[PDB]
Structure formats: structure tokens, C-alpha cells
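Novice: Dumping the structure here so I can ask a few things about it.
The numbers here are math on the coordinates, done by the rules we state, and not lab data. No Cβ is skipped: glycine too gets one built from the backbone with ideal geometry, and neighbour counts run over all protein chains shown.
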Amino acid sequence: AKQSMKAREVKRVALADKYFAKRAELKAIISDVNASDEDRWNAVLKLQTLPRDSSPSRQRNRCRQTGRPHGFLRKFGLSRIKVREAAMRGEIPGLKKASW
Amino acid sequence: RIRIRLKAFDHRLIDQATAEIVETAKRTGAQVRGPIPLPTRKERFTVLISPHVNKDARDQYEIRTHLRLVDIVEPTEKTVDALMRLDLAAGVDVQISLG
Amino acid sequence: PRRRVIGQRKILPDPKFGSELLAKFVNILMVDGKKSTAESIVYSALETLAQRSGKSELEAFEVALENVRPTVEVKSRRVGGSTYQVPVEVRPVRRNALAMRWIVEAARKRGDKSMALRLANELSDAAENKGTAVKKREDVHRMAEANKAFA
Amino acid sequence: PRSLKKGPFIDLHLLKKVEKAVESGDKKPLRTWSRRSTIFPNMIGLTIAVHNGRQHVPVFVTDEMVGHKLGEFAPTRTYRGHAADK
Amino acid sequence: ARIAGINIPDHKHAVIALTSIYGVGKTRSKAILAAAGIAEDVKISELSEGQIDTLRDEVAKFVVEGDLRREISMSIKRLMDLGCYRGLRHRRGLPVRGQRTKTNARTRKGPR
Amino acid sequence: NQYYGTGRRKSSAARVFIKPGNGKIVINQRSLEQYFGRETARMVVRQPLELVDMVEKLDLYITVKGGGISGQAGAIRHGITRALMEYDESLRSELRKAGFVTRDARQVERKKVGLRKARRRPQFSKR
RNA sequence: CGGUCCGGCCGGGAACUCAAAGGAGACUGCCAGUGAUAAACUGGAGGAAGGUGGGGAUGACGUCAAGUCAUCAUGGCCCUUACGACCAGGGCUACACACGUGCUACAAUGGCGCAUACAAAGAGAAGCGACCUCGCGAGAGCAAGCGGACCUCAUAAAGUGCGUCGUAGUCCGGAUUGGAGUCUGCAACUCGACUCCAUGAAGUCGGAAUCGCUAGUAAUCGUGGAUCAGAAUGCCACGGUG
């Protein structure tokens, strides 16, 4: 991928982890039905106050080694090409050709 | 009372581990119920190995995980000393359950 | 097809009666692998037309089927737009299958109360040489003599 | 549609503009890039120059539109004629 | 039976009889019968005038025929009066939800 | 101490015990009228018994699991065939002639990659 | 075998269904015929198996300046106040069409209302999520258990039982459209899906010319899983019937 794109991922994840404490304890008020609409509205408007890419939903899953949005495996953490290369070279334990 | 679970990618590294643990339990204690296997799990992956437009070049990869279980043979204090030893060769995950 | 001369796979033993021809007929009739519904429908039509005729069930089915089992068909082993048609006498193995296929094709042509009633009329009139399968067979037989220059 | 638990959704900077427009002196249109902000009765009468991608288009807000997004009254792409309408 | 200005044949069941009315459908066709004390099995034949008027009043309780039709027409025209994106898509006639209109949507449009 | 025979057809396991009791049938805490749906299964789970005289001569306490209706029927048929073979040692020839000893090894084929089914391929683009 | 809360409930029983390790096992081995005194072929006593038992992986020398310099690397060429760097709103999902690959179907082999069995393979830790209660509903408060042969996803459908629909603008098709919501997401107007009510487009078996399949295969039914905050009629695999 691009250097700017890769830096965007770390910049988003850092601010998402830093503000994770506020996001959960702020959406808790919204989720709590037993609350006043005056505090519900305040919580709703205060959540849009923090910077946008501060949520886990606003980040992608580019592969660590190279960087590729389309094509990824959560268990392996790399794109399809890199996963195949690692499997063929033996870097992934207990991974062989499936044939049933 | 206590049980030991072994997860392995290959059976070669887990059969010898089971043999070692049962011989240690025979040296310290007796009345073994034998290592019982559990249904292994096979996680599949489909990887299209073509780095561009070709939805015909696919590879099927498999991760196998085999489970072994060893129960109590003689619950005492000396039998735990010989089982809390250093970990075995890398590749075998050992879980200790007590109750 | 080219070097292999296949045999033949065994058919169901036909638990109700034991007729391999009946098993072939129900296998031709059934679609989408839904054996239960097709077998129920064919058994109901089986009973209805047998009790409408009066004679024995299978003994009437055989005489109604042999009366529209064709003898000679027409084929064309020609390539191109121009075609020459040659008559070929059907072997007994394919004769019953073709007759059953014609019967089941003609069955789904009447707007009766149910599929069993659709089957029953065109299955019973075959004994008296009436219906649609017999109507098409008496023209298939004429196709052979329509142009029998090459045989 | 959005769940009624969270209620209507508007921009934070939008509330300040709406308050300033009603208190006091509205002569210039309210310029907002936000289109997801729901319309409120406070904005009735006031001019909203809503951005659609090229340039802010003026929208005159009436009581008819309340439970609709402000971006609905803002075409995204210009249409003149498919058969080369010159 | 003259129910809410419509005629119903005597060879059908009550469920489809109510369904034939514009604005009753299937669930209301059972709710009305349950409220009036009629099972969703009887036919239009052998229907007393008391049951007829109870069904008519139950139908009149909720919305109706051409009244509801012009009911809906006004609601549709409200979007065009607003002039929103939905109103413009209604004016064009192609979509109103925003499906793939460019390649294949032959449902609200058509040639001669 | 009564021996028995085991039977499988596609993915179903059925084991049936043989005892001198005359014609007591219960299929996994059920009966033929319970595990039913078509007469074909009932006929096929009694063919070794209906062969010569064993229709009402020894009871059938089978319990069967897995597969479908036809798979369970085939598994029960193979199990009773093996049980009768082990019980008598002379009905094996008749069962081989009837085709009951030969277990049907046919199972569902795997789905290939690029194909919509095991062998069905996507339609060619009009070329 | 014993008791029962009749339930594997647990004492107990390690034969079995099954779990996953090592072996035996099908090797033209044999018996006849055929053939050139061979190779090899045809039938069969045995076997779960017969000529590769049934499937998958394994894809030569090479052809197509075949496709990717936008996974990545790399030789020149191009910009360094801009083809580089940051942010907000729109577009990839679009007004007259054509083409390709799939799905719903066309109906009495069927949808409808109420009981009722039969599977396998996989997922689960800021995740799967039992039960109770509100719900006509997607779901909501409560949440135990579960790093998982234990607990969930997840009474599989087809079918099977009974009525009902009688060849019909149909109790057929659920495409369009209006009203009000439910879940996830700072935020579904451009742009997800589910849920209710109503509305009920076509269609009524398709012209030339065409596509795949020879056995648990073609059809027909349901389910799981990949990336994923949510989004399959696609993809990848299990199965039921066949």
C-alpha cells in the first residue's frame, strides 16, 4: 500500500484506543433506557464531539508486511498472497495442502 | 480432580508427549486411566493464489489440531511436583484444569 | 461411448409388487428426486384405473403398455442442413422406456382434478388404444413408411 | 430509519449556527457542509446553503419538512437529458 | 354482499372475501372476523344480516376504499410538494428507494 | 451374550441385536410405524427376514443414528444382514446373491472449486 | 444389573455407535476361455471391495510481447510551492439501451393453517450467546454456561398426518409503492438488512442459437464458514432425497 495509507491505520488505531474509555462509558448512557432524555441528547451530541477516526469501525485491515485492503485473513493477519508465500515457505506452523 | 489437556498440530509430537507424561505419572503415582483422544478439528482456508483477475487458481490449506486428555491417576502432593515440571518441546499447548 | 461397453445398473426391487418395469416407470415419472410424492401419485392413479378397468392391476398395465410400445422409430445420422431420415427398429430394452416416457409426457396434458386423475385416463385408454400416447404412436409408425427409401 | 432511542441526529456546529440565526439577525444563508442533520422547527424560514458536492444550493425551509434529512433537498448529480439534450 | 361498496361472490371463503376488498388483505381479514365473532372458515353464503353489518362496521373502523386510495395519492403528492430527493425520484418515476436504476429496472417504466 | 451385526449405508450407524424372541421389533426406542414415512424403508429393513422364514422368528432391537431415512434404512438392512450371517453361517450365500452383504460404499461427492456442484459447471457465456 | 423424579438420571459396565493412532486388507492375486507358447483381454470361487475400488492434491518441454510496474520488489522517464501531504461534502450503487453469469417463479408434483422425525461439517472472548418477561416482529431488560466432544449459533427443510384451495386478475408470482419501527454503525437521503399492515407489475413453460452432467453424478431442499460494526440471489463445503 501507500505510506500515507499505512500511517492512517496507526493514526486511527491510536486515537481509537485512547478514546475507547470515553466511547464505551458514554454510549452506556445512551443504551440505558432508564435515563432522562435531557442526558440522552447530551450524550448523543457529545459523542460526535471527539474526532471521527477514534472508533474501531473507522479502520481497515491492511496486511502487516505490505498493506492490502481487499483480501485478508484475521487468523493469519496477512493478505492472501503473503499467506500463501508463508505457507509454501513453511513460516505458518501446521499448514499444508488440504485434500479431502 | 485434576486433568491435563494437550493440543498439537501433529500427532507425532503429541504421542511422545503423552508417553512422557504417563511414564512420569507411573514413576510418581500409579493407576492411570490412559490418554484419551478427542475429535480433532480441521480449519480450512481457500486462497486464490493468483495476484490478479483469475478466479480459477485456488489453494486449499488446512490446519489440524489434535486434542489429548489425561486425568488423575493418584491425587497427592508428590504427583504434582513431577507434573509441574518445565514445558515440553514447542508445538504442544498444555492446559491444567483443577477442581 | 467410444471404447467402453457399459452394462446396466440394477433397478429398485419395486417393494409394492416386484415389477422392474413398474420401477422404471416410477423412476421416469419422478422429477427433482422427489420419490415420495411421485410414488404416492402413481399408486393412487394405479388403484383408480385398475378399479375402473376391473381386471388385475399389473395384468392390465402390461396389456395397456404393450399396446403403445412402439416398434420402429426414425432417426437422422446426417450432418448439415440437409438431412436424410432412416427407420431403426427399437430393441426391447429401449422399447419399454420409450413407451413409459411417451405415457408420462402425455399424462401432463389434461386439466383434471389431480395428477393421479391426469395419469388414470391416459393410462386406462391405452388398453383400448385411445388417448394421446397411442395417437402419437400411430403417427410415429406412419413416419417410418412416409419415406422408407433408405433403411 | 434511525431508532427512536437516540432521537434525531444533527451536527454539533449546526446547533450554534441555528441559535445564532434565530438570535439574532438572519440575513445571510446558513452555510453548512452537513447534510445528515435533521431539520427542526427553529430553522423554519431561514435560508440554508447546503453543500452538495460542487457549490452550496439555497433551500428555503418550511413547516412541511421536519422528519427528513436536510440533504434530501439537494441533488447530488446534475441531470439535463439522456439523449444529448442540448 | 355489498360490503364497503364492493361485491363478493358466494363461492369463496370469508378470508379471501375480505381480501378482495381494497385495504383489508389477509391479517385484517382475520382480525375483523375475530372481533365480530366469526371464524376464518365460513363462506359468504349463509351469512346473516347482523353479521354482515358487524363486518361492515368493523371494516369502516379502519381505513377504507377509494378514500384510502386518495388517502395515499395525497401522501405521495406530499413528497413532490416538498421537492426532496424522494420527490424528484417520484417525478422521474424510476426509483423511490434508490435501487440500481441504470441497468435493469423495468417495473415503473416501459415503452408504448 | 447374543452377538449382532453392524451396518452403515452413507453416514448412518445402525447395530441390530438378534435374540430367539419371535418378532419383537423396536428401532431405537420406536417401531416401524414410528420410524416410517414410506413403505419402501419398511420393506427394505426386513428383506433378510422376509428372505425365507425369518419374518417373525427373532426380535430386532436396533438403534440407528445419523444420515437420512434411506441411509438409516440401508444401515439397518446391512446390520441385520451381518447379524444373520454371523448367527447362521449358511445364509451368507443367499445374502450375497441378493446383494445385501456388499455394503454400498457410495457417498456424496465433494464440491469442486470453480464448479457450482460436484460436477455441474457454470454455464458458458453463449460461446 | 439396581433404583428411581422414567429422564443415561448415576452407581456402574469398557463389547459396541463413536473418538484418533498403528496395522491387516484389492495386489490380474487365482480358476477357465481367448492371444503370438507373451503383453493383455472376457467371464467368476472368495471379498466391503476388480482391474486406478470411489474422489482430491500433484499441471513437462513449451505457445499466447497472455494478465498484473494499483499486493510487493525492480532499470531508466517524470514533480519537488506539487503527479507530493491533511480535512469536509459528493461518485463508484447513474435518466433513453444492449450483453453475460445467478435467483424467484409459470402453479393443484403446488402455497396455505395446525402436530412430527431424520444429518454432517464448522464458529465463538470487549464473541457465540441459554432461560424468564414484554412483545402480531425484527428484537428489547435479565442474563447462566462457554477459549469450547460439556454451552450456545441451531425443534434442518424436502417429506410426513389432516383438512383447505379445483384450473381460476387463482389461497398463483411478492416486483413496485405508502404508513409507522426494530437491531449494528459519530452518522443508512444519495447508499444495508430484518418486521407489520396494505397495495398485488409481469407471467400463464419462452423464436433462431445454445449450456452441464454417465451414479450417490443432473435436478430439488436446508445449513454452516471466509473477509465483516451491518450488508449474498455470490464464493467456499457439508448433508437430506435423488
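Novice: In segment C:2-39, what count of residues is obtained for those that are over 17 Å from the mean Cα position of the chain (by Cα), more than 10 Å from chain F (Cβ to nearest Cβ) and of a type in the set (A, V, I, L, M)?
Specialist: Summing the residues that are over 17 Å from the mean Cα position of the chain (by Cα), more than 10 Å from chain F (Cβ to nearest Cβ) and of a type in the set (A, V, I, L, M) in segment C:2-39 gives 2.
Novice: Does at least one position in segment A:35-47 carry a residue that is over 23 Å from D:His13 (Cα atoms) and more than 6 Å from RNA strand G (Cβ to nearest atom)?
Specialist: yes
Novice: In segment F:27-75, what residues are among the charged types (D, E, K, R), closer than 25 Å to F:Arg106 by Cβ and not in a loop (DSSP other than H, G, I, E, B)? Lay out the reasoning, then the answer.
Specialist: The initial filter retains those residues of segment F:27-75 that are among the charged types (D, E, K, R), namely F:30, F:33, F:38-39, F:42, F:46, F:50, F:53, F:56-57, F:59, F:65.
When the remaining residues are screened for being closer than 25 Å to F:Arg106 by Cβ, the result is F:38-39, F:42, F:46, F:50, F:65.
Scanning segment F:27-75 gives F:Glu39, F:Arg42, F:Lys65.
Novice: Could you pull out the residue among F:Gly66, F:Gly71, F:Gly37, F:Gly79 that is exposed (fewer than 13 other Cβ atoms within 10 Å of the Cβ) and either over 23 Å from F:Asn1 (Cα atoms) or away from chain C (no Cβ under 14 Å) (or both)?
Specialist: Details: F:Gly66 fails: exposed (fewer than 13 other Cβ atoms within 10 Å of the Cβ); F:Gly71 fails: exposed (fewer than 13 other Cβ atoms within 10 Å of the Cβ); F:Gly79 fails: exposed (fewer than 13 other Cβ atoms within 10 Å of the Cβ).
Just a single option satisfies the conditions, and that option is F:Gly37.
Novice: Scanning segment C:40-63 for residues that are closer than 17 Å to C:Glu128 by Cβ and polar (S, T, N, Q), which turns out farthest from the other protein chains (Cβ to nearest Cβ)?
Specialist: Applying the filter and picking the extreme gives C:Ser53.
Novice: Residues being within 15 Å of RNA strand G (Cβ to nearest atom) and under 16 Å from the mean Cα position of the chain (by Cα): count how many of those fall in segment F:49-88.
Specialist: Selection size over segment F:49-88: 26.
Novice: In addition: Quick check: anything in segment D:3-26 of a type in the set (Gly, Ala, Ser) and within 14 Å of chain E (Cβ to nearest Cβ)?
Specialist: Looking through segment D:3-26, none of the residues is of a type in the set (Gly, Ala, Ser) and within 14 Å of chain E (Cβ to nearest Cβ).
Novice: Can you pull out every residue in segment C:130-151 that is in contact (Cβ under 8 Å) with a residue 12 or more places away in the chain and under 14 Å from the mean Cα position of the chain (by Cα)? Show your work before the answer.
Specialist: Here is the first cut: in segment C:130-151, the ones in contact (Cβ under 8 Å) with a residue 12 or more places away in the chain are C:131-134, C:136-137, C:140-141, C:143-144, C:147-148, C:150-151.
Answer for segment C:130-151, where residues must be in contact (Cβ under 8 Å) with a residue 12 or more places away in the chain and under 14 Å from the mean Cα position of the chain (by Cα): C:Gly131, C:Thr132, C:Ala133, C:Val134, C:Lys136, C:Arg137, C:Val140.
Novice: Another question, then. Evaluate segment C:70-84: report whether one residue or more is part of a helix (DSSP H, G or I) and polar (S, T, N, Q).
Specialist: Checked segment C:70-84: no residue is part of a helix (DSSP H, G or I) and polar (S, T, N, Q).
Novice: Can I ask one more? If only one of B:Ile14, B:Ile72, B:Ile63 is surrounded by 15 or more Cβ atoms within 10 Å (Cβ to Cβ) and within 7 Å of RNA strand G (Cβ to nearest atom), which one is it?
Specialist: When all the criteria are applied, what remains is B:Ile14.
Novice: So, one more: Condition first: at negative phi, within 6 Å of RNA strand G (Cβ to nearest atom) and loosely packed, with under 12 Cβ neighbours inside 10 Å. Now tell me which residues in segment E:77-103 satisfy that.
Specialist: Residues satisfying the conditions are E:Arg97, E:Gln99, E:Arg100, E:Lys102, E:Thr103.
Novice: Follow-up question, since we're still on this one. So which of C:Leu22, C:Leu12 is part of a loop (DSSP other than H, G, I, E, B) and of a type in the set (A, V, I, L, M)?
Specialist: Sole residue among the options that is part of a loop (DSSP other than H, G, I, E, B) and of a type in the set (A, V, I, L, M): C:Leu12.
For every residue, the table says whether it meets (1) near RNA strand G (Cβ under 9 Å from one of its atoms); (2) buried (at least 17 other Cβ atoms within 10 Å of the Cβ); (3) not in a strand (DSSP E or B).
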{"site": "D:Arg2", "(1), (2), (3)": "yes, no, yes"}
{"site": "D:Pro8", "(1), (2), (3)": "yes, no, yes"}
{"site": "D:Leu14", "(1), (2), (3)": "no, yes, yes"}
{"site": "D:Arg31", "(1), (2), (3)": "no, no, no"}
{"site": "D:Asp63", "(1), (2), (3)": "no, no, yes"}
{"site": "D:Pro75", "(1), (2), (3)": "yes, no, yes"}
{"site": "D:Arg80", "(1), (2), (3)": "yes, no, yes"}
{"site": "D:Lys86", "(1), (2), (3)": "no, no, yes"}
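Novice: Cβ-Cβ distance below 6 Å, separation of 6 or more or different chains: which pairs start in segment F:96-122 with a residue that is exposed (fewer than 10 other Cβ atoms within 10 Å of the Cβ) and end on one that is of a type in the set (A, V, I, L, M, F, W, C)?
Specialist: That search, which allows pairs on different chains as well, returns F:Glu109/F:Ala118.
Novice: Of these, A:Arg23, A:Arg12, which one is under 14 Å from the mean Cα position of the chain (by Cα) and more than 12 Å from every other protein chain (Cβ to nearest Cβ)? Break it down stepwise before answering.
Specialist: Numbers: A:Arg23 fails: under 14 Å from the mean Cα position of the chain (by Cα).
After applying the criteria, what remains is A:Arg12.
Novice: Do we find that F:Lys126 is more than 30 Å from C:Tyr43 (Cα to Cα), basic (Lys, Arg), more than 14 Å from every other protein chain (Cβ to nearest Cβ) and more than 10 Å from RNA strand G (Cβ to nearest atom) in this structure?
Specialist: no
Novice: Something else now. Taking the residues in segment E:18-39 that are more than 9 Å from RNA strand G (Cβ to nearest atom) and either surrounded by 15 or more Cβ atoms within 10 Å (Cβ to Cβ) or outside any helix (DSSP H, G or I) (or both) as candidates, determine which candidate is nearest to the other protein chains (Cβ to nearest Cβ). Write out each step before concluding.
Specialist: Within segment E:18-39, the subset more than 9 Å from RNA strand G (Cβ to nearest atom) is E:32-39.
Filter once more, so that each one left must be either surrounded by 15 or more Cβ atoms within 10 Å (Cβ to Cβ) or outside any helix (DSSP H, G or I) (or both): E:32-33, E:36-39.
On the way: E:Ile32: 30, E:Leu33: 30, E:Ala36: 34, E:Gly37: 35, E:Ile38: 30, E:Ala39: 27 Å.
The extreme case among them is E:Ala39.
Novice: Do we have any residue at all in segment C:16-28 that's more than 20 Å from C:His141 (Cβ to Cβ) and hydroxyl-bearing (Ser, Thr, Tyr)? Lay out the reasoning, then the answer.
Specialist: Going through segment C:16-28, the residues more than 20 Å from C:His141 (Cβ to Cβ) turn out to be C:16-28.
Now restrict to residues that are hydroxyl-bearing (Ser, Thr, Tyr): C:19.
Scanning segment C:16-28, I find at least one residue that is more than 20 Å from C:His141 (Cβ to Cβ) and hydroxyl-bearing (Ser, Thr, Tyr), so the answer is yes.
Novice: While we're looking at this one, here's another question. On the basis of being away from chain E (no Cβ under 13 Å), near RNA strand G (Cβ under 8 Å from one of its atoms), part of a loop (DSSP other than H, G, I, E, B) and among the charged types (D, E, K, R), does D:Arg54 make the cut?
Specialist: The answer is yes for D:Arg54.
Novice: Would you check which residues across segment B:1-12 are within 10 Å of the chain's Cα centre (by Cα) and in contact (Cβ under 8 Å) with a residue 60 or more places away in the chain and list them?
Specialist: Those that are within 10 Å of the chain's Cα centre (by Cα) and in contact (Cβ under 8 Å) with a residue 60 or more places away in the chain: B:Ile4, B:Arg5, B:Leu6, B:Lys7, B:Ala8, B:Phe9, B:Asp10.
Novice: Return the total of residues in segment E:59-112 being of a type in the set (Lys, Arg), within 14 Å of another protein chain (Cβ to nearest Cβ) and either part of a loop (DSSP other than H, G, I, E, B) or over 28 Å from D:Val59 (Cβ atoms) (or both).
Specialist: So the answer is 3.
Novice: Pull up segment F:8-26, narrow it to residues that are touching a helix residue (DSSP H, G or I) at 6+ places or on another chain (Cβ under 7 Å), more than 9 Å from RNA strand G (Cβ to nearest atom) and not in a loop (DSSP other than H, G, I, E, B), then point me to the one that is farthest from F:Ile69 (Cα to Cα). Reasoning before the result, please.
Specialist: The initial filter retains those residues of segment F:8-26 that are touching a helix residue (DSSP H, G or I) at 6+ places or on another chain (Cβ under 7 Å), namely F:8-16, F:18, F:22-23.
Imposing the further condition that a residue be more than 9 Å from RNA strand G (Cβ to nearest atom) reduces the set to F:16, F:18, F:22-23.
Next, only the ones that are not in a loop (DSSP other than H, G, I, E, B) stay: F:16, F:18.
Working: F:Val16: 17, F:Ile18: 22 Å.
Here the answer is F:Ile18.
Novice: In addition: Answer yes or no as to whether D:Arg35 is more than 10 Å from every other protein chain (Cβ to nearest Cβ), under 9 Å from the mean Cα position of the chain (by Cα) and not in a strand (DSSP E or B).
Specialist: yes
Novice: For A:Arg62, which of the numbered conditions (1) more than 30 Å from D:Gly7 (Cβ to Cβ); (2) surrounded by 15 or more Cβ atoms within 10 Å (Cβ to Cβ); (3) under 18 Å from the mean Cα position of the chain (by Cα); (4) within 7 Å of RNA strand G (Cβ to nearest atom) fails to hold?
Specialist: Of the numbered conditions (1) more than 30 Å from D:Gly7 (Cβ to Cβ); (2) surrounded by 15 or more Cβ atoms within 10 Å (Cβ to Cβ); (3) under 18 Å from the mean Cα position of the chain (by Cα); (4) within 7 Å of RNA strand G (Cβ to nearest atom), the odd one out for A:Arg62 is (4).
Novice: Does A:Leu50 qualify as being over 30 Å from B:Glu62 (Cβ atoms), in a helix (DSSP H, G or I) and over 15 Å from the mean Cα position of the chain (by Cα)?
Specialist: Taking the combined requirement at face value, the residue does not satisfy it.
Novice: Among the listed residues E:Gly25, E:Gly50, which satisfies the condition of being within 30 Å of E:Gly87 (Cα to Cα) and out of contact with any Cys (no Cβ under 6 Å at 6 or more places or on another chain)?
Specialist: It is E:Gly25.
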